[PDB]
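Enquirer: This one's a deposited entry, sequence included:
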Amino acid sequence: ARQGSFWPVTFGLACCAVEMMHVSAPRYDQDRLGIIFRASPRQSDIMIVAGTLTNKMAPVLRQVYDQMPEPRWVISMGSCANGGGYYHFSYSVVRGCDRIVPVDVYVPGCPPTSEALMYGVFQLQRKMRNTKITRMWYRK
Amino acid sequence: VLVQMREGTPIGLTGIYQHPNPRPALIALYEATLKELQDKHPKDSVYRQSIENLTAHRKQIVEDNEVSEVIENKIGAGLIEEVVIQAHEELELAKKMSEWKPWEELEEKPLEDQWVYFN
Amino acid sequence: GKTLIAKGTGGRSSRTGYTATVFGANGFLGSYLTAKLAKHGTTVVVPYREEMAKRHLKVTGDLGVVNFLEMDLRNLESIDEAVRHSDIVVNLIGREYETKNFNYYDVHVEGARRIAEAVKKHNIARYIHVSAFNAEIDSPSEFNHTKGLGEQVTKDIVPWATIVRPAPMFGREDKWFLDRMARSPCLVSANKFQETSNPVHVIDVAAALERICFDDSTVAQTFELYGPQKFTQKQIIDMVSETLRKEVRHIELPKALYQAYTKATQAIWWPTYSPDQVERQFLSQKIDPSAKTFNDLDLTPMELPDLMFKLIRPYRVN
Amino acid sequence: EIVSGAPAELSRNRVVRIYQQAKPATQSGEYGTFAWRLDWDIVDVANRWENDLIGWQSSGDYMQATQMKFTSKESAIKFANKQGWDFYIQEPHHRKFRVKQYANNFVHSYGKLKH
Amino acid sequence: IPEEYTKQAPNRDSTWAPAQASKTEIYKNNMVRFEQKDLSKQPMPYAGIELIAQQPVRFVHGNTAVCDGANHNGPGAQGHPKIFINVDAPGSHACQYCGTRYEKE
Amino acid sequence: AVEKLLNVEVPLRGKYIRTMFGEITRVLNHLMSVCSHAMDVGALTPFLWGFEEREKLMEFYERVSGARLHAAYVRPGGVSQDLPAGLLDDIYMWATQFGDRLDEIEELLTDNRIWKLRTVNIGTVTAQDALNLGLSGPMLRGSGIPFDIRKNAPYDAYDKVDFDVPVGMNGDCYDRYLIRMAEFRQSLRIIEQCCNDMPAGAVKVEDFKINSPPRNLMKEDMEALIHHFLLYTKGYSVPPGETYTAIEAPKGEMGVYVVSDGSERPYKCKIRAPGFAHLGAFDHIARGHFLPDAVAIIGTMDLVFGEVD
Amino acid sequence: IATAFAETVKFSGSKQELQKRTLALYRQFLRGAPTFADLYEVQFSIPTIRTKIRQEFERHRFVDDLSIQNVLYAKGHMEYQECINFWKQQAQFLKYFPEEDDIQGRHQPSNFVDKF
Amino acid sequence: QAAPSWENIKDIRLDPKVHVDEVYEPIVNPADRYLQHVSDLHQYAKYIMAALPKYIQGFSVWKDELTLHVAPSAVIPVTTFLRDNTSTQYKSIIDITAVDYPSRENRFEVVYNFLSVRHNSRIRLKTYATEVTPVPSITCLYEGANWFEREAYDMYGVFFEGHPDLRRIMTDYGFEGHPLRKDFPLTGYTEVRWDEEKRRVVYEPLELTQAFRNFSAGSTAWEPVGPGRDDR
Amino acid sequence: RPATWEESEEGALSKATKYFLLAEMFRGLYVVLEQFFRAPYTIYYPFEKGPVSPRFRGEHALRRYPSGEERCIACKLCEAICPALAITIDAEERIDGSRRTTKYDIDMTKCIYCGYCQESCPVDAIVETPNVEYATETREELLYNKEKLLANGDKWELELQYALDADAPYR
Ligand SMILES: NC(=O)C1=CN([C@@H]2O[C@H](COP(=O)(O)OP(=O)(O)OC[C@H]3O[C@@H](n4cnc5c(N)ncnc54)[C@H](OP(=O)(O)O)[C@@H]3O)[C@@H](O)[C@H]2O)C=CC1
Ligand code: SF4
Ligand code: SF4
Ligand code: SF4
Ligand SMILES: [Zn+2]
């Protein structure tokens, strides 16, 4: 059930958001999988950070991250979003969102393909298929 | 006293309404321009002998022609309403140019350090 | 293990080389000490048990300073693997309640004995074991009885045993010190409705554990982390209800009548208020006369109320 | 003097270097002669350590790699005192005139001979 | 820095180090984080030191040996650029782009 | 901006392929602008229908570039590399249907009473003010001044192609809609005639001092190697001085202001963005409206904030 | 064609007038302190804000040139502008406040011996 | 028409599509389109020189564009003119920004590119300003300025004058320093952010990177000596 | 400047019909219904794939020769143009006389995929792949050393041979 619906909230900062909305394009559709994102951080599950991440943004990003329910994950979409990427040597850029939010699936490269974002999504769902939360209540 | 600088809420071409009487307002603006600039700053300056001569040229072409369209194709500017709009502000430009007297010497010499780029 | 100048540097990734291993650390206290520990360039092996709960300890440092291992105190081999490569090791461990698979025994005695046996088999310098306040060998809170047994076992083998006894702690998301103040639907317990003791702030606990875990000349000493001044009772509830809602509503029930909820507690999905907590409500801080404190390790822990002003202030009326 | 837009405490702490860039001895060609260089020293504890994970060289100097390119040494030093930090200037070194008759291929009575 | 080992990997298909200062010890290589891991993360370089001994020596009865390395199926130029090497003394059979050995005979 | 500062000129093959790529890029930019605009306004179908052939334009980048949308394909010395054959054959068959589908997205927005009160004389910017605001491009030509750069300062073979420029009459957002929707079916003519007039020639610059050598003879020649080596180590020589160059990007006049040292690296580069000027004008335009007016008036003036700084 | 809290840029000539102008700036910058503590929810008290504001202006008591004091006045009034509403956020706002000691552990006692 | 795309009527073409020859791209001229325009534009600059000789400095013409040097204390009377003259009806500004060359004692040249509408002709206008002393803005003349001069102030600390809302846009709100000065480098002074212990307070530190920007410090003999051209 | 009064004779009560009931808007409904019947465009991405041009960029696999002696020569040209400095190389004279890479480092954190590495390595030894085979959970699983890249080239050169043999006469 958690692996099926799986909607994000767009944070969507730059070019990598143009590829994100290309996943909403009809070629590599989100809704053939279930990805129907709301624009609201409480109604969300995972928080795709796409685009580069400024120094100026990062407190707003962590404040969005905190008002988000407990089964939460983060996708770092785009090379700039993880390890700073193509700028990384600015005064005003954050050297990767690992300095801000904990991330569970990275997505490489300036703009990663719509193929790439969906492959990261399926790898995240493959991680979800090993969450084993109920038998971890049983303390396996 | 020419309040036909730009009109209001009529539909001319580009978001600026059509003035009713463009020729008398324009010839009064040229008359006032020639009355202001000629009697303020000397005829020695190139600026007066440029603005004045172009003003008399425009005055000639306006006072000659009749319709609001041949005056366009001779005036070298855009629309005749916009010719009037253009023809407004050089009166106030020369009127300001009474002050900050530009025909004098150059008030500052930079050190020539400032204007060196390469080579 | 030998090192260079001191602890406190002036910049992250000016890394130490100290390879630490912190048990537990997914929950309450182990957040802030590995937050102080990865901040200043130390490799941390933090083992875990739940995959979804270990995530928010990764952002304390950047690279190689947080690592995940799949320990479990049943498995010898997991803990054996966990501290092969370590240099120092702390264990904050032990639920405040039995599970459906764990006794109070063998969550900090033989659970402690396994990991200390791994320490002795690996010759790990600077083993630090936390243990509870009021850690006696007497019965009445078998939690405290078991922590006393755990300190006994950690002193049986491994003379490298810096035992630290913090007081009831005081921080953000206090498990059973302020969550029973903040949410607090009807905080109702304490037959003796007063007569508790020393609170200590959590970042001061973490600073104490940080300033003990690196300096030498403190092997085999035991610490107790006293409250700074006040050693105060449940009257701090009144200061908690100094915030305008005053919803605290202590109803001071009889003792044996209060047991049933705790006997309900074993059946529930989530832990609530298991009866060794109820027995500890009859105790106080049996303060050790001879155990080194914040003044020995050169700290002054912060007071209660002005810090409580910051610490509980989402929960105001207007 | 207070610095207006320099948030560091650079101005009290470090020694900076004004130097003419040296003439390289490997290549012939002399374009580095015609500048003036500002360079902050690495007299540091930060001073480019070694990483342990991949093994880059993560520095700690926030202004390790930085070079002005000025025009004149006195304009350089008027800037250096204007923004106000401790400098040290270094004088360049020229190459001295020596008359080169290509005809240096002739002798009197003398032992040594060359190509 | 302590006592632990996992005997499952030498350097490569070649046994020892590939060059100056390319070690294969793991403890200095931070054995903290190799744990819970397969060792079937990729040791795939076959250490081309071994692959010149794979290669047979080529003979040219001239004096100057051309080397390309380019295939005879590719439509574009893909090998290393045209270095002319000398085969004069025996021993200097080394195209410094490919390591193919050219001896004069 | 750089090749103006090099006193070189790219050959005719390069100018035609950069012009046709500029106009499929113009199709892409106006398409994504109108789609994101209409999604902010509320209709979802024009957004997705437009992205359906934005994916085909993504492929037409991809068969040329190394990725879907970003590209190092233009160089100062012309471009990277000549086209492949099936691309130029396919792009005609694309442009055969793109006019039909552009009409298809056009039929349900341009005519309806929604977009006729959803867009009214809203955000009226007069030409006297629009010139004083530093506006440009689609909003400028929506305010009824028949001026762009392409017909008026013709860079890169827009001189040589029949190109007609739409002109607004009312400075509202509705003519700013319809002027983009006209620029689509003006750019498709450009793709037509650049499919026809495509010459054969060198697609990089002619010499090899300044851009890149050809990779065939860089492995059969001394000089091609030294040019390859220095062109990827030290960049290359640029003569000193200033320049500024503006073209009409589909969001407005983009200017690039470059002060070159006379060395390997630019001593100063300042961009100039319509998304930084139109955003600056936004307060003077937005007054006397409501908030759901303001949502649309963001999307009209092409406020994609990756062109701020 | 607008403001946000009436930021004006016009540097006067005389140092007395600049003195009075910085004085009135100090009054508004001091008066907004309970508004700051309301707006950002700091831990420390309003007198901590006041003694640190006084510290910040005593950092530039002895600056000579009025033509430096101009842009110092602009920086002061401009950061007042960016503090009087919620442009700055509390993570951005704590960059003025070296509040806590316990973050550092034992550290340099400013002796030469303990540089080593 | 019909017969365009899929649901096919079985009619297509990928054949006989060629023009096979050898190229004839006969050209050598770098920059000769501009020379008549440069000769016109010299004379235009001489007009601007003789018309306003007090407030202007030496013009500078280069490759079909024009740059007027202006003494910095007097820019507003220059730009009441030259935006708004009859013969110079520019009325449309396209860039104000700054360039440091920290060579000279005045440090930041401030550069304006303006655009005509009637005349399709750009122009440039420069002043020089120091970090110490301001130069007045041009927001009194039109409204397209007050965003750009914020950008100029933020990137440089070229302080301005006679201007409403001189804020920051282009940096962080607590961030001092000025980036496009060549004083402080790419990394910035304080640029880190982390949030673990003092919770959510994403507070900076000394910015210690993970691999420093290993620069480019190579330079060849000498670029070129310019083949000059002027009308006169 | 078209004056364009346009007072009267647009319609003769037909105007009130088209305004009164939504004929212009029912037209758009009929358009989207006619669009409803036609073909979709989804590509079942685990099972199907979008078009992969040969010049598309990927994950930096190091080629070797036929019987390959590790074709990279650490020539540093692929260092000096990586525009985010995501290249870190170190080299040494290896035992057999030639020069090889001591370490080879790609920050896949900061590889923009400009392909300049591929456009400049003269022996064509670093190559952008077409494979999008990624999505690691750590940065420590992204920082590609020499072994990852040689392994990646050893995993496929078939695809790279297809790529070069459709591209190398254009590169
Ligand atoms: N009233 C109090 O709580 C006081 C605390 N202390 C001591 O401080 C120590 C740390 O406090 P605190 O941070 O709140 O502890 P936590 O609430 O954070 O829990 C400790 C972590 O270790 C895990 N763990 C380790 N071993 C086991 C095991 N056999 N069975 C189940 N879970 C295990 C726990 O669950 P999981 O396996 O799921 O990760 C938990 O995540 C405590 O152990 C206590 O002795 C002392 C004074 C007051
Ligand atoms: S990761 Fe790449 S695509 Fe995304 S913002 Fe950065 S440069 Fe752009
Ligand atoms: S593809 Fe581009 S970013 Fe990546 S290493 Fe090569 S040149 Fe650098
Ligand atoms: S460009 Fe070629 S020779 Fe140079 S480092 Fe890269 S692979 Fe090695
Ligand atoms: Zn070879």
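Expert: Nice, thanks for sending it over. Numbering: from 1, shown residues only, chains lettered A, B, ... in the order given. Ligands and ions are numbered 1, 2, ... in the order given.
Enquirer: Helices along chain B, start to end?
Expert: Applying DSSP state H to chain B gives helices spanning B:22-38, B:46-64, B:70-75, B:80-98.
Enquirer: Which residues of chain G lie near chain B?
Expert: On the criterion Cβ under 8 Å from any Cβ of the partner chain, chain B has no neighbours in chain G. Where C-beta positions appear, they are placed from N, C-alpha and C, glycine not excepted.
Enquirer: Helices of chain G, start to end?
Expert: G:15-31, G:33-40, G:46-58, G:66-81, G:90-93.
Enquirer: is the longest helix out of those in chain A anywhere near ligand 2?
Expert: Taking DSSP H as the criterion, chain A has its longest helix at helix A:114-128. No. Helix A:114-128 does not reach ligand 2 (Cβ under 6 Å from any ligand atom); its nearest approach is 11.1 Å.
Enquirer: Give me the buried positions along that helix.
Expert: Buried residues in helix A:114-128, defined by neighbour count with 16 or more other Cβ atoms under 10 Å in any protein chain shown: A:114-121, A:123-125, A:127-128.
Enquirer: how far does it sit from the chain's center?
Expert: 10 Å (Cα atoms, centre = their mean, to the nearest Å).
Enquirer: Report whether it contacts chain I.
Expert: Yes. Counting by Cβ under 8 Å from any Cβ, chain I is contacted by helix A:114-128 at A:114, A:115, A:116, A:118, A:119, A:120, A:122, A:123, A:124, A:127.
Enquirer: Is it correct that residue E:95 falls within a strand?
Expert: No. Assessed with DSSP: H, G, I helix; E, B strand; the rest coil, residue E:95 is coil; it does not lie in a strand.
Enquirer: quick one: contacts for it?
Expert: E:65, E:67, E:80, E:83, E:85, E:101, E:102 (Cβ atoms under 8 Å, 6 or more residues apart in numbering or on different chains).
Enquirer: could you redo the last one with a cut-off of 10 Å?
Expert: When contacts are counted by Cβ atoms under 10 Å, 6 or more residues apart in numbering or on different chains, residue E:95 touches E:58, E:65-69, E:80, E:83-85, E:101-102, I:69, I:98.
Enquirer: And residue C:282, by the same measure?
Expert: For residue C:282, the contacting residues are C:140, C:141, C:190, C:191, C:192, C:195, C:255, by Cβ under 10 Å, 6+ apart.
Enquirer: Now the residue of chain A found nearest ligand 1: closest residue in space that isn't a chain neighbour?
Expert: Nearest residue of chain A to ligand 1: residue A:139, at 6.7 Å (Cβ to the nearest ligand atom). Once flanking residues are discounted, residue A:139 sits nearest to residue C:101: 5.0 Å by Cβ to Cβ, 6 or more residues apart in numbering or on different chains.
Enquirer: If you tally nearby residues, what's the number for that neighbour?
Expert: 9 (other Cβ atoms under 10 Å in any protein chain shown).
Enquirer: Over to residue C:121?
Expert: Neighbour count for residue C:121, taken as other Cβ under 10 Å: 11.
Enquirer: That one sits in which helix or strand?
Expert: Residue C:121 is part of helix C:110-122, with elements assigned from DSSP states H and E.
Enquirer: Okay, buried residues for that helix please.
Expert: For helix C:110-122, burial by neighbour count (16+ other Cβ under 10 Å) applies to C:110, C:111, C:112, C:113, C:114, C:115, C:116, C:117, C:118, C:119, C:122.
Enquirer: For chain C, which segments are assigned as helices?
Expert: Ranges of helices in chain C, per DSSP H, are C:29-38, C:76-82, C:110-122, C:142-156, C:179-182, C:202-214, C:236-240, C:255-265, C:275-280, C:305-311.
Enquirer: Can you give me every residue that contacts the closest residue to chain B within chain E?
Expert: Proximity to chain B, evaluated over chain E using Cβ to the nearest Cβ, is greatest for residue E:81 at 37.1 Å. Counting by Cβ under 10 Å, 6+ apart, residue E:81 touches E:67-70, E:97, F:217-222, F:224-225, F:228, I:122-123.
Enquirer: one more time with 6 Å, if that's ok
Expert: When contacts are counted by Cβ atoms under 6 Å, 6 or more residues apart in numbering or on different chains, residue E:81 touches residue F:219.
Enquirer: ok, which stretches of the chain are strands?
Expert: In the absence of a named chain, this looks at chain A. A:46-50, A:73-77, A:105-107 (DSSP state E).
Enquirer: that's the wrong chain, I meant chain I
Expert: Assigned by DSSP E, chain I shows strands spanning I:61-62, I:87-93, I:99-107, I:126-127, I:143-144.
Enquirer: What residue, apart from its backbone neighbours, is nearest the spatially most central residue of chain E spatially?
Expert: Centroid-nearest residue in chain E: residue E:48, 1.9 Å away (criterion: Cα atoms, centre = their mean). With Cβ to Cβ, 6+ apart as the criterion, residue E:48 has its nearest non-adjacent residue at 3.9 Å, and that residue is residue I:69.
Enquirer: residue contacts, the residue of the stretch 51-200 of chain F at minimum distance from chain A?
Expert: With Cβ to the nearest Cβ as the measure, residue F:51 is the residue of the stretch 51-200 of chain F nearest to chain A, at 3.7 Å. Neighbouring residues of residue F:51 by Cβ under 6 Å, 6+ apart: residue A:25.
Enquirer: Check which helix or strand it maps to.
Expert: Using DSSP H and E, the element containing residue F:51 is helix F:45-62.
Enquirer: Please apply the same query to residue D:49.
Expert: For residue D:49, there is no host helix or strand (DSSP H and E).
Enquirer: count of residues packed around it?
Expert: Using other Cβ under 10 Å, residue D:49 has 16 neighbouring residues.
Enquirer: Does the residue of chain A closest to ligand 1 touch residue C:100 like I think?
Expert: No. Between residue A:139 and residue C:100 there is no contact under Cβ atoms under 6 Å: 7.8 Å.
Enquirer: When these two are compared, which one has more neighbours?
Expert: Taking neighbours as other Cβ under 10 Å, residue A:139 and residue C:100 compare with residue A:139 leading, 14 against 9.
Enquirer: Is my assumption valid that residue H:201 occupies a position in a strand?
Expert: No. Applying three-state DSSP, one finds residue H:201 to be coil, outside a strand.
Enquirer: pretty sure the residue nearest to the centre of chain E contacts residue I:67?
Expert: No. With contact defined as Cβ under 6 Å, residue E:48 does not reach residue I:67; the gap is 8.9 Å.
Enquirer: Settle this for me: residue B:103 is touching residue B:45, isn't it.
Expert: Yes. With contact defined as Cβ under 6 Å, residue B:103 counts as touching residue B:45 (3.8 Å).
Enquirer: The residue nearest to residue A:139 touches residue A:137, doesn't it?
Expert: No. Taking Cβ under 6 Å as the definition, residue C:101 is not a contact partner of residue A:137, at 10.2 Å.
Enquirer: where's the closest residue to residue A:56 other than its chain neighbours relative to residue G:84, distance?
Expert: Nearest in space to residue A:56, with sequence neighbours left out and distances taken as Cβ to Cβ, 6+ apart, is residue H:172 at 4.8 Å. Per Cβ to Cβ, to the nearest Å, residue H:172 is found 18 Å from residue G:84.
Enquirer: the more surrounded of those two?
Expert: Between residue H:172 and residue G:84, residue H:172 has the larger neighbour count (other Cβ under 10 Å), namely 23 against 18.
Enquirer: how far away is the more buried one from chain E?
Expert: As judged by Cβ to the nearest Cβ, to the nearest Å, residue H:172 and chain E stand 35 Å apart.
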